[PDB]
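Q: Need a 3D model of the sequence below.
(2 chains)
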Amino acid sequence: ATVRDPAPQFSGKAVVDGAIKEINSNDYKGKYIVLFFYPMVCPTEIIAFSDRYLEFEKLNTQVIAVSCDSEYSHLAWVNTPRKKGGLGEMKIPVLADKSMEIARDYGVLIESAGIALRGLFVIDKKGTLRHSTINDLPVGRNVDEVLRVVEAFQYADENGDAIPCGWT
Amino acid sequence: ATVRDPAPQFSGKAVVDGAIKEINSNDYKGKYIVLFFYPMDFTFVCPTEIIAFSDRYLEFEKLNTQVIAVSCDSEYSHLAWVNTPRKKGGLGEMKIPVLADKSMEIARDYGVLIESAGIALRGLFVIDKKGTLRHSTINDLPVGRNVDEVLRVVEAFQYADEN
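A: Numbering: from 1, shown residues only, chains lettered A, B, ... in the order given. The structure is reproduced below:
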């Protein structure tokens, strides 16, 4: 499964607004989705997205972090001050994937180490894969770049799937 | 084939320094490799992307990395492409090699071939000094790639490889 393919549907229990909720990808139809995997290291990446969450909302997109761990420990993580390495008050959902079935479905699972690569995926309003960044574990991701990709794909979908030669 | 894997071998005839030369992936060991695919046959493709990469080549060379473009056509067409002024639609002087991929075996080897459009997705791949895959950006055709981001990724990987 790769780009221009209908993106693999995902569901499960996440921590949202400090609470555990069953969420499904089909719940986010009509909005873009940035699905990104945090391999269970520095939490500042996921925290960064959480801080820029409003900018993502301007573009009608939903960021969802995904990690190879339980919803209860994810709650434990949110119920920890950032000063101790925990997540503190999160503004984007943190989805549990102890089974790692989502990581496999997205091909960022290392079927030898039992860990996920830093995968990031942009899904459009019709539920199709538009972008896939995948990094080896040591290198983090950049929010400004993700926002750039999202706004570009949006302008494309609006202006007939074609971007002017030299955009902003 | 995914990240942390020894990268798929690529070889072929490229346009290097305004001339057709045989290049191999094994030729670039000891250096990073940015392998990126520029779809020509995309009816709305813009050369400003690959031109950009051509311009920032010095910045890539400071970091001991070799950017190689790969495009869906022969070394003769790539030469013809280089030998066409930009104000006439061509590439003009390119500062990175343009590798030929008419058979799209290189595109298939990297999993970027759209086996219906006969075109490759805008795939970008960072390869380390022992030749294993460290990064892969893949975009849908309408969205181009950013040189600054690539530079960030490469130097980040280098600092990691040292520390």
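
Q: Distance of the residue nearest to residue A:77 when sequence neighbours are not counted relative to residue B:77?
A: When the adjacent residues along the chain are set aside, residue A:77 lies closest to residue A:87, with 5.0 Å between them (C-beta to C-beta, 6 or more residues apart in numbering or on different chains). C-beta here means a position set from N, CA and C on the backbone, and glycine is covered the same way. As judged by C-beta to C-beta, to the nearest Å, residue A:87 and residue B:77 stand 52 Å apart.

Q: Settle it for me: which of those two has more neighbours?
A: Neighbour tally, residue A:87 and residue B:77, criterion other C-beta atoms under 10 Å in any protein chain shown: the higher count belongs to residue A:87, 22 against 16.

Q: any idea how far the more buried one is from chain B?
A: According to C-beta to the nearest C-beta, to the nearest Å, residue A:87 stands 23 Å off from chain B.

Q: Please identify the helix or strand for that residue.
A: In this assignment (DSSP states H and E), residue A:87 forms part of neither any helix nor any strand.

Q: Run a quick check on it versus residue A:45, I expect a contact.
A: No. In terms of C-beta atoms under 8 Å, residue A:87 does not count as a neighbour of residue A:45; the distance is 11.2 Å.

Q: who in chain A is up against chain B?
A: Within chain A, the positions near chain B by C-beta under 8 Å from any C-beta of the partner chain are A:2-4, A:107-108, A:110, A:117, A:129-136, A:138-140, A:142, A:145, A:148-149, A:152-153, A:156, A:161-163, A:165-167.

Q: Which of the residues you listed fall in strands?
A: For the residues of chain A next to chain B, membership in strands holds for A:110, A:129-135, with DSSP state E as the criterion.

Q: Show me what residue A:133 is bridged to.
A: With beta bridges defined as DSSP bridges, residue A:133 has these partners: residue A:120, residue B:137.

Q: Contacts only, for it.
A: Counting by C-beta atoms under 8 Å, 6 or more residues apart in numbering or on different chains, residue A:133 touches A:119-121, A:141, B:135-137.

Q: rerun that using 10 Å as the cut-off
A: Remark: with contacts taken as C-beta atoms under 10 Å, 6 or more residues apart in numbering or on different chains, residue A:133 is in contact with A:36, A:118-122, A:141-142, A:145-146, A:149, B:124, B:135-139, B:149, B:153.

Q: Help me confirm that residue A:5 comes into contact with residue A:126.
A: No. Because the distance of 11.8 Å does not satisfy C-beta atoms under 10 Å, residue A:5 is recorded as not touching residue A:126.

Q: Nearest to the middle of chain A, which residue? Look it up for me.
A: Within chain A, one residue has its C-alpha closest to the average C-alpha position: by C-alpha atoms, centre = their mean, that is residue A:35, at 2.3 Å.

Q: got the contact list for that one?
A: Contact analysis of residue A:35 by C-beta under 10 Å, 6+ apart lists A:7-8, A:10, A:25, A:28, A:62-66, A:95, A:102, A:106, A:119-123, A:129, A:132.

Q: what does residue A:167 give?
A: Contacts for residue A:167 were tallied using C-beta under 10 Å, 6+ apart; they are A:148, A:151-152, A:155-156, B:46, B:48, B:143-144.

Q: Give me the distance from stretch A:34-53 to the chain's centre.
A: In terms of C-alpha atoms, centre = their mean, to the nearest Å, the centre of stretch A:34-53 is set 8 Å apart from its chain centre.
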